[PDB]
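As stored in target-v4.pdb (PDB, C-alpha atoms):
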```
ATOM      1  CA  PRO D  26      26.069   6.724  28.447
ATOM      2  CA  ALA D  27      26.876   3.376  26.869
ATOM      3  CA  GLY D  28      28.686   1.302  29.504
ATOM      4  CA  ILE D  29      32.137   1.060  27.913
ATOM      5  CA  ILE D  30      35.218   0.626  30.058
ATOM      6  CA  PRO D  31      36.803   4.107  29.976
ATOM      7  CA  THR D  32      39.911   4.466  27.837
ATOM      8  CA  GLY D  33      41.623   6.971  30.122
ATOM      9  CA  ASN D  34      41.109   8.302  33.631
ATOM     10  CA  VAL D  35      40.473  12.045  33.828
ATOM     11  CA  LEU D  36      42.644  14.239  36.036
ATOM     12  CA  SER D  37      42.023  17.740  37.419
ATOM     13  CA  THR D  38      38.517  17.327  38.793
ATOM     14  CA  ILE D  39      37.444  20.945  38.295
ATOM     15  CA  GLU D  40      34.128  22.665  37.542
ATOM     16  CA  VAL D  41      33.183  21.794  33.970
ATOM     17  CA  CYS D  42      29.970  23.802  33.535
ATOM     18  CA  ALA D  43      31.920  27.071  33.657
ATOM     19  CA  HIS D  44      34.027  26.189  30.602
ATOM     20  CA  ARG D  45      31.237  24.837  28.423
ATOM     21  CA  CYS D  46      32.149  27.005  25.427
ATOM     22  CA  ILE D  47      34.487  24.181  24.404
ATOM     23  CA  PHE D  48      32.990  20.754  23.588
ATOM     24  CA  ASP D  49      30.249  20.211  21.018
ATOM     25  CA  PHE D  50      27.519  18.729  23.231
ATOM     26  CA  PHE D  51      27.037  19.370  26.934
ATOM     27  CA  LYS D  52      24.556  17.711  29.293
ATOM     28  CA  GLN D  53      24.455  17.726  33.094
ATOM     29  CA  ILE D  54      21.963  15.448  34.809
ATOM     30  CA  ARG D  55      21.152  16.540  38.345
ATOM     31  CA  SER D  56      21.130  13.135  40.052
ATOM     32  CA  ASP D  57      19.677  10.600  37.609
ATOM     33  CA  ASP D  58      17.287  10.670  34.700
ATOM     34  CA  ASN D  59      15.263   8.327  32.529
ATOM     35  CA  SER D  60      16.959   9.620  29.373
ATOM     36  CA  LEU D  61      20.007   7.598  30.410
ATOM     37  CA  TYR D  62      17.931   4.411  30.559
ATOM     38  CA  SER D  63      16.899   4.399  26.908
ATOM     39  CA  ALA D  64      17.912   1.738  24.400
ATOM     40  CA  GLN D  65      16.237   2.700  21.123
ATOM     41  CA  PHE D  66      18.151   0.846  18.430
ATOM     42  CA  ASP D  67      17.848   0.619  14.666
ATOM     43  CA  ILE D  68      17.339  -2.710  12.922
ATOM     44  CA  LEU D  69      17.821  -4.039   9.398
ATOM     45  CA  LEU D  70      15.564  -6.956   8.488
ATOM     46  CA  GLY D  71      17.532  -8.685   5.760
ATOM     47  CA  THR D  72      18.011  -7.840   2.101
ATOM     48  CA  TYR D  73      16.607  -9.331  -1.097
ATOM     49  CA  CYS D  74      18.135  -9.634  -4.562
TER      50      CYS D  74
ATOM     51  CA  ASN R  75     -22.067 -22.211  26.168
ATOM     52  CA  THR R  76     -18.549 -23.365  25.344
ATOM     53  CA  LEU R  77     -16.837 -20.943  22.995
ATOM     54  CA  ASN R  78     -14.502 -22.549  20.477
ATOM     55  CA  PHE R  79     -10.913 -21.322  20.414
ATOM     56  CA  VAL R  80      -9.482 -20.325  17.036
ATOM     57  CA  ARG R  81      -5.779 -20.573  16.257
ATOM     58  CA  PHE R  82      -4.590 -18.101  13.655
ATOM     59  CA  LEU R  83      -2.460 -20.678  11.848
ATOM     60  CA  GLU R  84      -5.414 -22.957  11.093
ATOM     61  CA  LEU R  85      -7.106 -20.133   9.185
ATOM     62  CA  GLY R  86      -6.526 -20.119   5.458
ATOM     63  CA  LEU R  87      -5.540 -16.461   5.647
ATOM     64  CA  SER R  88      -2.289 -17.454   7.384
ATOM     65  CA  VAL R  89      -0.823 -18.288   3.958
ATOM     66  CA  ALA R  90      -0.563 -14.561   3.198
ATOM     67  CA  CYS R  91       1.842 -13.626   5.997
ATOM     68  CA  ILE R  92       5.270 -14.646   7.260
ATOM     69  CA  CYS R  93       4.890 -14.464  11.031
ATOM     70  CA  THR R  94       7.919 -14.212  13.296
ATOM     71  CA  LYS R  95       8.510 -13.422  16.958
ATOM     72  CA  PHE R  96      10.709 -10.580  18.152
ATOM     73  CA  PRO R  97      10.722  -9.956  21.921
ATOM     74  CA  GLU R  98      12.611  -6.648  21.785
ATOM     75  CA  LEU R  99      10.184  -4.951  19.416
ATOM     76  CA  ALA R 100       9.444  -1.937  21.614
ATOM     77  CA  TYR R 101      13.035  -0.738  21.094
ATOM     78  CA  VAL R 102      12.928  -0.620  17.278
ATOM     79  CA  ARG R 103      13.127   2.887  15.847
ATOM     80  CA  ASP R 104      13.043   2.414  12.048
ATOM     81  CA  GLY R 105      13.130  -1.172  10.795
ATOM     82  CA  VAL R 106      14.538  -1.100   7.270
ATOM     83  CA  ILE R 107      14.423  -3.707   4.498
ATOM     84  CA  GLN R 108      16.426  -3.522   1.283
ATOM     85  CA  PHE R 109      16.115  -4.545  -2.357
ATOM     86  CA  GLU R 110      18.524  -4.683  -5.295
ATOM     87  CA  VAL R 111      16.994  -5.577  -8.665
ATOM     88  CA  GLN R 112      18.680  -5.707 -12.063
ATOM     89  CA  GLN R 113      16.934  -5.570 -15.402
ATOM     90  CA  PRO R 114      17.756  -7.278 -18.708
ATOM     91  CA  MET R 115      18.677  -5.618 -21.996
ATOM     92  CA  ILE R 116      18.426  -6.272 -25.731
ATOM     93  CA  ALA R 117      20.701  -4.949 -28.473
ATOM     94  CA  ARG R 118      19.514  -3.142 -31.593
ATOM     95  CA  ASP R 119      20.967  -1.122 -34.449
ATOM     96  CA  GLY R 120      19.960   1.815 -36.594
ATOM     97  CA  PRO R 121      18.934   5.218 -35.273
ATOM     98  CA  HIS R 122      18.436   3.946 -31.734
ATOM     99  CA  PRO R 123      20.729   5.001 -28.878
ATOM    100  CA  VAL R 124      22.770   2.072 -27.640
ATOM    101  CA  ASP R 125      21.509   1.190 -24.179
ATOM    102  CA  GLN R 126      23.147   0.003 -20.974
ATOM    103  CA  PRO R 127      21.847  -2.453 -18.378
ATOM    104  CA  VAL R 128      20.315  -0.796 -15.339
ATOM    105  CA  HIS R 129      20.162  -1.574 -11.636
ATOM    106  CA  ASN R 130      17.525  -0.589  -9.110
ATOM    107  CA  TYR R 131      17.869  -0.236  -5.346
ATOM    108  CA  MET R 132      14.655  -0.033  -3.336
ATOM    109  CA  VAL R 133      14.338   0.391   0.436
ATOM    110  CA  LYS R 134      11.189  -0.042   2.527
ATOM    111  CA  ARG R 135      10.561   0.557   6.213
ATOM    112  CA  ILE R 136       8.527  -1.090   8.940
ATOM    113  CA  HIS R 137       5.151   0.203  10.099
ATOM    114  CA  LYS R 138       4.253  -0.344  13.758
ATOM    115  CA  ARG R 139       0.814  -1.081  15.218
ATOM    116  CA  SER R 140      -0.589  -2.595  18.397
ATOM    117  CA  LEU R 141      -3.349  -4.718  19.903
ATOM    118  CA  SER R 142      -5.157  -4.184  23.194
ATOM    119  CA  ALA R 143      -7.808  -6.047  25.163
ATOM    120  CA  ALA R 144      -9.473  -5.493  28.512
ATOM    121  CA  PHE R 145     -10.110  -7.644  31.558
ATOM    122  CA  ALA R 146     -12.373  -6.684  34.447
ATOM    123  CA  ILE R 147     -12.495  -7.688  38.110
ATOM    124  CA  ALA R 148     -15.287  -6.608  40.423
ATOM    125  CA  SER R 149     -14.558  -5.310  43.911
ATOM    126  CA  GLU R 150     -15.972  -8.357  45.688
ATOM    127  CA  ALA R 151     -13.628 -10.573  43.685
ATOM    128  CA  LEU R 152     -10.636  -8.620  44.985
ATOM    129  CA  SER R 153     -12.005  -8.750  48.522
ATOM    130  CA  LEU R 154     -12.367 -12.530  48.344
ATOM    131  CA  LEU R 155      -8.944 -12.985  46.751
ATOM    132  CA  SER R 156      -6.947 -10.802  49.134
ATOM    133  CA  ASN R 157      -8.387 -12.808  52.066
ATOM    134  CA  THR R 158      -8.710  -9.503  53.909
ATOM    135  CA  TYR R 159     -12.200 -10.263  55.216
ATOM    136  CA  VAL R 160     -12.169 -14.069  55.338
ATOM    137  CA  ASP R 161     -13.947 -15.903  58.154
ATOM    138  CA  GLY R 162     -12.588 -19.417  57.556
ATOM    139  CA  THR R 163     -15.919 -21.168  56.990
ATOM    140  CA  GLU R 164     -17.217 -23.352  54.182
ATOM    141  CA  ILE R 165     -19.717 -20.686  53.106
ATOM    142  CA  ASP R 166     -17.128 -18.323  51.651
ATOM    143  CA  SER R 167     -14.959 -21.011  50.048
ATOM    144  CA  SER R 168     -17.730 -21.546  47.509
ATOM    145  CA  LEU R 169     -17.817 -17.796  46.853
ATOM    146  CA  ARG R 170     -14.047 -17.706  46.364
ATOM    147  CA  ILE R 171     -14.214 -20.630  43.950
ATOM    148  CA  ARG R 172     -17.002 -18.898  42.036
ATOM    149  CA  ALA R 173     -14.844 -15.779  41.753
ATOM    150  CA  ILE R 174     -11.862 -17.791  40.528
ATOM    151  CA  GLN R 175     -13.976 -19.638  37.979
ATOM    152  CA  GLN R 176     -15.167 -16.274  36.701
ATOM    153  CA  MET R 177     -11.590 -14.994  36.515
ATOM    154  CA  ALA R 178     -10.283 -18.026  34.631
ATOM    155  CA  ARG R 179     -13.222 -18.243  32.227
ATOM    156  CA  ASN R 180     -12.622 -14.552  31.579
ATOM    157  CA  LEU R 181      -8.878 -14.815  31.070
ATOM    158  CA  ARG R 182      -9.278 -17.626  28.551
ATOM    159  CA  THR R 183     -11.369 -15.426  26.251
ATOM    160  CA  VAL R 184      -9.086 -12.436  26.816
ATOM    161  CA  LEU R 185      -6.082 -14.443  25.619
ATOM    162  CA  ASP R 186      -8.099 -15.892  22.753
ATOM    163  CA  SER R 187      -8.909 -12.356  21.610
ATOM    164  CA  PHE R 188      -5.351 -11.766  20.403
ATOM    165  CA  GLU R 189      -5.454 -14.884  18.243
ATOM    166  CA  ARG R 190      -8.864 -13.939  16.910
ATOM    167  CA  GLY R 191      -7.792 -10.350  16.200
ATOM    168  CA  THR R 192      -4.511 -10.943  14.416
ATOM    169  CA  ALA R 193      -6.648 -12.049  11.470
ATOM    170  CA  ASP R 194      -8.610  -8.812  11.790
ATOM    171  CA  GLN R 195      -5.443  -6.753  11.622
ATOM    172  CA  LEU R 196      -4.216  -8.691   8.595
ATOM    173  CA  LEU R 197      -7.495  -8.049   6.797
ATOM    174  CA  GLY R 198      -7.281  -4.372   7.691
ATOM    175  CA  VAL R 199      -3.751  -3.952   6.384
ATOM    176  CA  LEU R 200      -4.415  -5.955   3.213
ATOM    177  CA  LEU R 201      -7.447  -3.782   2.457
ATOM    178  CA  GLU R 202      -5.394  -0.646   3.057
ATOM    179  CA  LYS R 203      -2.738  -2.042   0.707
ATOM    180  CA  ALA R 204      -4.750  -3.247  -2.298
ATOM    181  CA  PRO R 205      -5.401  -0.972  -5.288
ATOM    182  CA  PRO R 206      -8.677  -1.671  -7.102
ATOM    183  CA  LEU R 207      -8.718  -4.286  -9.833
ATOM    184  CA  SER R 208     -10.479  -2.044 -12.358
ATOM    185  CA  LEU R 209      -7.449   0.254 -12.373
ATOM    186  CA  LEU R 210      -4.642  -2.223 -11.774
ATOM    187  CA  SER R 211      -5.489  -4.560 -14.648
ATOM    188  CA  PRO R 212      -5.458  -2.092 -17.598
ATOM    189  CA  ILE R 213      -2.499  -0.177 -16.144
ATOM    190  CA  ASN R 214      -0.423  -3.351 -15.970
ATOM    191  CA  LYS R 215      -1.487  -4.179 -19.543
ATOM    192  CA  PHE R 216      -1.705  -1.166 -21.858
ATOM    193  CA  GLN R 217       1.714   0.261 -20.994
ATOM    194  CA  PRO R 218       4.561  -2.023 -22.105
ATOM    195  CA  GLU R 219       7.264  -0.532 -19.890
ATOM    196  CA  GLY R 220       6.475   3.000 -18.750
ATOM    197  CA  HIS R 221       7.692   6.554 -19.278
TER     198      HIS R 221
ATOM    199  CA  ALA J 173      33.857  -3.684  -8.225
ATOM    200  CA  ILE J 174      34.638  -7.103  -9.696
ATOM    201  CA  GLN J 175      31.200  -8.424  -8.735
ATOM    202  CA  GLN J 176      29.553  -5.466 -10.440
ATOM    203  CA  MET J 177      31.761  -6.059 -13.469
ATOM    204  CA  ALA J 178      30.658  -9.673 -13.761
ATOM    205  CA  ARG J 179      26.977  -8.953 -13.136
ATOM    206  CA  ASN J 180      27.086  -6.273 -15.818
ATOM    207  CA  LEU J 181      28.973  -8.325 -18.397
ATOM    208  CA  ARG J 182      26.639 -11.300 -18.057
ATOM    209  CA  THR J 183      23.608  -9.207 -19.009
ATOM    210  CA  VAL J 184      25.576  -7.549 -21.804
ATOM    211  CA  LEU J 185      26.296 -10.988 -23.257
ATOM    212  CA  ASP J 186      22.680 -12.055 -22.795
ATOM    213  CA  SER J 187      21.635  -8.998 -24.792
ATOM    214  CA  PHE J 188      22.776 -10.425 -28.136
ATOM    215  CA  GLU J 189      20.828 -13.639 -27.622
ATOM    216  CA  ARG J 190      17.784 -11.655 -26.555
ATOM    217  CA  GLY J 191      18.100  -9.338 -29.551
ATOM    218  CA  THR J 192      18.577 -11.926 -32.267
ATOM    219  CA  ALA J 193      14.894 -12.798 -31.924
ATOM    220  CA  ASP J 194      14.107  -9.094 -32.208
ATOM    221  CA  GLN J 195      16.058  -8.858 -35.452
ATOM    222  CA  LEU J 196      14.241 -11.901 -36.820
ATOM    223  CA  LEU J 197      10.861 -10.413 -35.952
ATOM    224  CA  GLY J 198      11.811  -7.112 -37.556
ATOM    225  CA  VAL J 199      12.927  -8.656 -40.828
ATOM    226  CA  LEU J 200       9.927 -10.996 -40.964
ATOM    227  CA  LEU J 201       7.477  -8.133 -40.408
ATOM    228  CA  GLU J 202       9.079  -5.968 -43.063
ATOM    229  CA  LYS J 203       9.109  -8.962 -45.432
ATOM    230  CA  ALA J 204       5.522 -10.200 -45.072
ATOM    231  CA  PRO J 205       2.711  -9.066 -47.386
ATOM    232  CA  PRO J 206      -0.747  -8.793 -45.811
ATOM    233  CA  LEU J 207      -2.949 -11.868 -45.759
ATOM    234  CA  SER J 208      -5.983 -10.020 -47.112
ATOM    235  CA  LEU J 209      -3.999  -9.185 -50.249
ATOM    236  CA  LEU J 210      -1.975 -12.374 -50.643
ATOM    237  CA  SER J 211      -4.870 -14.822 -50.359
ATOM    238  CA  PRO J 212      -6.995 -13.631 -53.333
ATOM    239  CA  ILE J 213      -3.943 -13.120 -55.563
ATOM    240  CA  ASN J 214      -2.823 -16.739 -55.284
ATOM    241  CA  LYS J 215      -6.396 -17.981 -55.821
ATOM    242  CA  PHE J 216      -8.275 -15.843 -58.343
ATOM    243  CA  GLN J 217      -5.557 -15.757 -61.008
ATOM    244  CA  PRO J 218      -4.378 -19.235 -62.048
ATOM    245  CA  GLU J 219      -0.919 -18.237 -63.305
ATOM    246  CA  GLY J 220      -0.643 -14.526 -64.082
ATOM    247  CA  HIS J 221      -0.170 -12.051 -66.914
TER     248      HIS J 221
ATOM    249  CA  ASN B 377      19.290 -32.609 -30.190
ATOM    250  CA  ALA B 378      17.739 -31.493 -26.910
ATOM    251  CA  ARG B 379      14.379 -31.425 -25.141
ATOM    252  CA  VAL B 380      12.674 -28.034 -24.906
ATOM    253  CA  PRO B 381       9.403 -26.993 -23.215
ATOM    254  CA  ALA B 382       7.327 -25.383 -25.955
ATOM    255  CA  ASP B 383       3.742 -25.707 -27.120
ATOM    256  CA  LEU B 384       2.942 -27.138 -30.543
ATOM    257  CA  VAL B 385      -0.360 -26.854 -32.380
ATOM    258  CA  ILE B 386      -1.725 -28.564 -35.487
ATOM    259  CA  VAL B 387      -3.580 -26.389 -38.007
ATOM    260  CA  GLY B 388      -4.894 -27.546 -41.356
ATOM    261  CA  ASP B 389      -2.512 -30.440 -41.952
ATOM    262  CA  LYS B 390       0.748 -28.902 -40.690
ATOM    263  CA  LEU B 391       2.417 -28.763 -37.281
ATOM    264  CA  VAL B 392       3.510 -25.267 -36.255
ATOM    265  CA  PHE B 393       5.095 -23.681 -33.217
ATOM    266  CA  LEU B 394       2.822 -21.201 -31.458
ATOM    267  CA  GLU B 395       5.001 -18.592 -29.755
ATOM    268  CA  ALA B 396       3.797 -15.546 -27.818
ATOM    269  CA  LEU B 397       7.236 -14.476 -26.672
ATOM    270  CA  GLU B 398       6.760 -11.505 -24.353
ATOM    271  CA  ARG B 399       7.975 -12.834 -20.994
ATOM    272  CA  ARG B 400      11.212 -14.458 -22.145
ATOM    273  CA  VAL B 401      12.052 -11.390 -24.248
ATOM    274  CA  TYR B 402      10.760  -7.790 -24.260
ATOM    275  CA  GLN B 403       9.894  -8.009 -20.553
ATOM    276  CA  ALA B 404      11.047  -5.270 -18.175
ATOM    277  CA  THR B 405      13.277  -3.877 -20.930
ATOM    278  CA  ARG B 406      12.827  -0.432 -22.414
ATOM    279  CA  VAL B 407      12.174  -1.753 -25.947
ATOM    280  CA  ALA B 408       8.683  -1.820 -27.413
ATOM    281  CA  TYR B 409       7.358  -5.182 -28.493
ATOM    282  CA  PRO B 410       6.610  -5.455 -32.227
ATOM    283  CA  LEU B 411       3.305  -6.942 -33.442
ATOM    284  CA  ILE B 412       1.619  -3.940 -31.801
ATOM    285  CA  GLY B 413       1.778  -1.964 -35.017
ATOM    286  CA  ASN B 414      -0.498   0.922 -35.873
ATOM    287  CA  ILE B 415      -2.702   1.569 -38.891
ATOM    288  CA  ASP B 416      -3.973   4.769 -40.480
ATOM    289  CA  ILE B 417      -7.516   5.298 -41.761
TER     290      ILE B 417
ATOM    291  CA  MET M 320      14.958 -14.523  16.291
ATOM    292  CA  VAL M 321      16.654 -12.436  18.972
ATOM    293  CA  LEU M 322      19.719 -10.220  19.308
ATOM    294  CA  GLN M 323      22.765 -11.401  21.243
ATOM    295  CA  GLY M 324      26.535 -11.170  21.344
ATOM    296  CA  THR M 325      28.056  -8.907  18.717
ATOM    297  CA  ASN M 326      24.598  -7.831  17.572
ATOM    298  CA  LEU M 327      23.712  -6.849  21.138
ATOM    299  CA  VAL M 328      26.896  -4.865  21.704
ATOM    300  CA  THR M 329      26.456  -3.095  18.365
ATOM    301  CA  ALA M 330      22.858  -2.185  19.187
ATOM    302  CA  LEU M 331      23.893  -0.872  22.599
ATOM    303  CA  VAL M 332      27.015   1.143  21.788
ATOM    304  CA  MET M 333      26.386   2.275  18.205
ATOM    305  CA  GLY M 334      22.601   2.145  17.912
ATOM    306  CA  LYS M 335      22.216  -0.062  14.835
ATOM    307  CA  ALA M 336      21.580  -3.763  14.353
ATOM    308  CA  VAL M 337      21.152  -6.190  11.468
ATOM    309  CA  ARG M 338      19.767  -9.707  11.191
TER     310      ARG M 338
END
```

Show how you would write the structure in this file as structure tokens.
Amino acid sequence: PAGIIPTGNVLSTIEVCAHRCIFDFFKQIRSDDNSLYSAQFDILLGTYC
Amino acid sequence: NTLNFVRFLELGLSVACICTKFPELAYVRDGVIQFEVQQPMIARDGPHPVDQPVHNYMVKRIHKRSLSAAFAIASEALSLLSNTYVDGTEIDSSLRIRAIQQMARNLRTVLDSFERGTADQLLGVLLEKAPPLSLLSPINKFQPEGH
Amino acid sequence: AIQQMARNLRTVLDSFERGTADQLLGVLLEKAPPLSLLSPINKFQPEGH
Amino acid sequence: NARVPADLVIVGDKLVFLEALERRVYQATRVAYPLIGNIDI
Amino acid sequence: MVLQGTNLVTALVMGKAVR
């Protein structure tokens, strides 16, 4: 969940949890969750030569 | 008694640190700093292998700590502040002002504690960082290069 | 790649200047008799033989 | 002729350079500095 | 120093940031 404008709209709104053998990472949040609202980011503090 | 406020910058220890603000610090996972150091070289002959100049790349990472201080309020102070049981007479206005004076005199020292304790943390980290002189001096002297 | 080339070649060039002093020290050490032996020789005998 | 920062000392009646070159040369390089020779007894 | 603009979008979408 990163708030990008979607590239393409998805058709065929069909149950996805049944066919979860495909895909490489599957998550289903019930209604909402605090894992979505995380912003841990990595920082580089300048280099020295 | 009027306690005297200490600003960390005025202390002579401030010369040992490069302070900088960073509001979004709680979101940093692994702060990384980088180095790239090159070394010189001399040329010789005879039964010595011809050498090549070397480069070094060193990377260090941030270590995170924290500071905490407390601040107390008695029940009567809350009762006077919330105005829940006020009677609108000059007797309790003095009590309210006494409570507020206590709160402000307290908050001043609480805020001062962070300034006073940054120096403490710097001393702590510098002690945890320093190897003893009795070892460091001969080591940095009796070996020319290493290996 | 070009930056690495230049940074490498500059130190390579500096090596000869840095090593000329080494060569001088080497030859001067292998050429110098000890003081403790040279001092009496030049003093106790006037000329030689 | 050019100006150069170097220390000069006077001994006896002669003026001699006094060099202890270990930082300009032989520093952080894998070569051993001479004048650290060994003796056998 | 603070993060903004391209640094902010990088930190949000990719998870890395540099001074």

Exercise for the section: Carefully work through the PyMOL selection byres ((chain R and resi 174) around 12) for this structure and note down the residues it includes, as number ranges by chain. Expected result: R: 147-148, 150-152, 154-155, 167-173, 175-181

Take the residues just selected and output them with C-alpha atoms as an mmCIF file, keeping the file's coordinate frame.
```cif
data_model
loop_
_atom_site.group_PDB
_atom_site.id
_atom_site.type_symbol
_atom_site.label_atom_id
_atom_site.label_comp_id
_atom_site.auth_asym_id
_atom_site.auth_seq_id
_atom_site.Cartn_x
_atom_site.Cartn_y
_atom_site.Cartn_z
ATOM 1 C CA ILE R 147 -12.495 -7.688 38.110
ATOM 2 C CA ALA R 148 -15.287 -6.608 40.423
ATOM 3 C CA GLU R 150 -15.972 -8.357 45.688
ATOM 4 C CA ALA R 151 -13.628 -10.573 43.685
ATOM 5 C CA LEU R 152 -10.636 -8.620 44.985
ATOM 6 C CA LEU R 154 -12.367 -12.530 48.344
ATOM 7 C CA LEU R 155 -8.944 -12.985 46.751
ATOM 8 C CA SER R 167 -14.959 -21.011 50.048
ATOM 9 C CA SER R 168 -17.730 -21.546 47.509
ATOM 10 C CA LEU R 169 -17.817 -17.796 46.853
ATOM 11 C CA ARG R 170 -14.047 -17.706 46.364
ATOM 12 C CA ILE R 171 -14.214 -20.630 43.950
ATOM 13 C CA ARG R 172 -17.002 -18.898 42.036
ATOM 14 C CA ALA R 173 -14.844 -15.779 41.753
ATOM 15 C CA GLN R 175 -13.976 -19.638 37.979
ATOM 16 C CA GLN R 176 -15.167 -16.274 36.701
ATOM 17 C CA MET R 177 -11.590 -14.994 36.515
ATOM 18 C CA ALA R 178 -10.283 -18.026 34.631
ATOM 19 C CA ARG R 179 -13.222 -18.243 32.227
ATOM 20 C CA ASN R 180 -12.622 -14.552 31.579
ATOM 21 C CA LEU R 181 -8.878 -14.815 31.070
#
```

Practice task
Take the PyMOL selection byres ((chain M and resi 337) around 6), apply it to the structure above, and return the hits as JSON, numbers by chain.
Solution key: {"D": [68, 69], "M": [336, 338]}

Practice task
At a cut-off of 9 Å, list the chain R residues touching chain D, using only C-alpha atoms, as a list in words.
Solution key: residues 100, 101, 102, 103, 104, 105, 106, 107, 108, 109, 110, 111 and 112 of chain R

Keeping C-alpha atoms, export the residues of the selection given above as a PDB file, keeping the file's coordinate frame.
```
ATOM      1  CA  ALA R 100       9.444  -1.937  21.614  1.00  0.00           C
ATOM      2  CA  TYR R 101      13.035  -0.738  21.094  1.00  0.00           C
ATOM      3  CA  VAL R 102      12.928  -0.620  17.278  1.00  0.00           C
ATOM      4  CA  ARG R 103      13.127   2.887  15.847  1.00  0.00           C
ATOM      5  CA  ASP R 104      13.043   2.414  12.048  1.00  0.00           C
ATOM      6  CA  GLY R 105      13.130  -1.172  10.795  1.00  0.00           C
ATOM      7  CA  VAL R 106      14.538  -1.100   7.270  1.00  0.00           C
ATOM      8  CA  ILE R 107      14.423  -3.707   4.498  1.00  0.00           C
ATOM      9  CA  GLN R 108      16.426  -3.522   1.283  1.00  0.00           C
ATOM     10  CA  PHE R 109      16.115  -4.545  -2.357  1.00  0.00           C
ATOM     11  CA  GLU R 110      18.524  -4.683  -5.295  1.00  0.00           C
ATOM     12  CA  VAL R 111      16.994  -5.577  -8.665  1.00  0.00           C
ATOM     13  CA  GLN R 112      18.680  -5.707 -12.063  1.00  0.00           C
TER      14      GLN R 112
END
```

Exercise for the section: Given the file shown, determine the residues that the PyMOL selection byres ((chain J and resi 194) around 12) selects; report them as number ranges by chain. Expected result: R: 115-119; J: 187-193, 195-201; B: 397-398, 400-402, 407-411

So which residues touch residue 179 in chain J within 12 Å, counting only C-alpha atoms, skipping near sequence neighbours fewer than 2 positions away, as a short mmCIF file (atom, residue, chain, number, x, y, z; two decimals) with C-alpha atoms, keeping the file's coordinate frame?
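Contents of the output file result-v5.cif:
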```cif
data_model
loop_
_atom_site.label_atom_id
_atom_site.label_comp_id
_atom_site.auth_asym_id
_atom_site.auth_seq_id
_atom_site.Cartn_x
_atom_site.Cartn_y
_atom_site.Cartn_z
CA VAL R 111 16.99 -5.58 -8.66
CA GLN R 112 18.68 -5.71 -12.06
CA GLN R 113 16.93 -5.57 -15.40
CA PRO R 114 17.76 -7.28 -18.71
CA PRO R 127 21.85 -2.45 -18.38
CA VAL R 128 20.32 -0.80 -15.34
CA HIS R 129 20.16 -1.57 -11.64
CA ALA J 173 33.86 -3.68 -8.22
CA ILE J 174 34.64 -7.10 -9.70
CA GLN J 175 31.20 -8.42 -8.74
CA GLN J 176 29.55 -5.47 -10.44
CA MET J 177 31.76 -6.06 -13.47
CA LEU J 181 28.97 -8.32 -18.40
CA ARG J 182 26.64 -11.30 -18.06
CA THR J 183 23.61 -9.21 -19.01
CA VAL J 184 25.58 -7.55 -21.80
CA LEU J 185 26.30 -10.99 -23.26
CA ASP J 186 22.68 -12.06 -22.80
#
```

Practice task
Within 12 Å of range 28-37 of chain D, counting all atoms listed in the file, which residues show up once you throw out same-chain ones fewer than 4 positions away? Write them as an MDAnalysis selection string, please.
Solution key: (chainID D and resid 41 61:62 64) or (chainID M and resid 328:329 331:333)

Practice task
State, in Å with one decimal place, the distance from CA of residue 187 in chain R to CA of residue 321 in chain M.
Solution key: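 Atom-to-atom, CA of residue 187 in chain R and CA of residue 321 in chain M are spaced 25.7 Å apart.
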
Practice task
Figure out the distance between CA of residue 138 in chain R and CA of residue 85 in chain R, please, to one decimal in Å.
Solution key: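 Taking CA of residue 85 in chain R as the start and CA of residue 138 in chain R as the end point, the length is 23.3 Å.
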
Practice task
Can you pull out every residue within 9 Å of range 86-97 of chain R, counting all atoms listed in the file, but drop anything in the same chain fewer than 6 positions away, and send it as a list in words?
Solution key: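 After dropping sequence-adjacent residues, the list is residues 193, 196 and 197 of chain R; 320 and 321 of chain M.
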
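What separates CA of residue 190 in chain R from CA of residue 144 in chain R is a distance of 14.4 Å.
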
Problem - range 77-79 of chain R surroundings by all atoms listed in the file, 9 Å radius, close-in-sequence under 3 positions cut, as a list in words - result: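 Final neighbour list, sorted by chain and number: residues 183, 186, 189 and 190 of chain R.
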
Handout entry: Residue nearest chain M among R:81, R:75, R:214, R:99 (counting all atoms listed in the file)
Key =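 Among the listed residues, the smallest separation from chain M belongs to R:99.
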
Exercise for the section: Return the neighbours of chain R among the residues of chain B, cut-off 7 Å, counting all atoms listed in the file, as a ChimeraX atom specification. Expected result: /B:404-406,408

Output as a short mmCIF file (atom, residue, chain, number, x, y, z; two decimals), keeping the file's coordinate frame: range 386-392 of chain B, completed with N, CA and C atoms.
```cif
data_model
loop_
_atom_site.label_atom_id
_atom_site.label_comp_id
_atom_site.auth_asym_id
_atom_site.auth_seq_id
_atom_site.Cartn_x
_atom_site.Cartn_y
_atom_site.Cartn_z
N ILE B 386 -1.51 -28.03 -34.15
CA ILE B 386 -1.72 -28.56 -35.49
C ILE B 386 -2.87 -27.80 -36.13
N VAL B 387 -2.59 -27.16 -37.27
CA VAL B 387 -3.58 -26.39 -38.01
C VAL B 387 -3.59 -26.89 -39.44
N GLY B 388 -4.78 -26.97 -40.03
CA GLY B 388 -4.89 -27.55 -41.36
C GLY B 388 -4.36 -28.96 -41.37
N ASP B 389 -3.19 -29.15 -41.97
CA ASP B 389 -2.51 -30.44 -41.95
C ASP B 389 -1.03 -30.30 -41.61
N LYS B 390 -0.64 -29.18 -41.01
CA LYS B 390 0.75 -28.90 -40.69
C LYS B 390 0.91 -28.64 -39.20
N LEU B 391 2.09 -28.95 -38.69
CA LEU B 391 2.42 -28.76 -37.28
C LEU B 391 3.30 -27.53 -37.13
N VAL B 392 2.84 -26.55 -36.36
CA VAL B 392 3.51 -25.27 -36.26
C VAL B 392 3.72 -24.90 -34.79
#
```
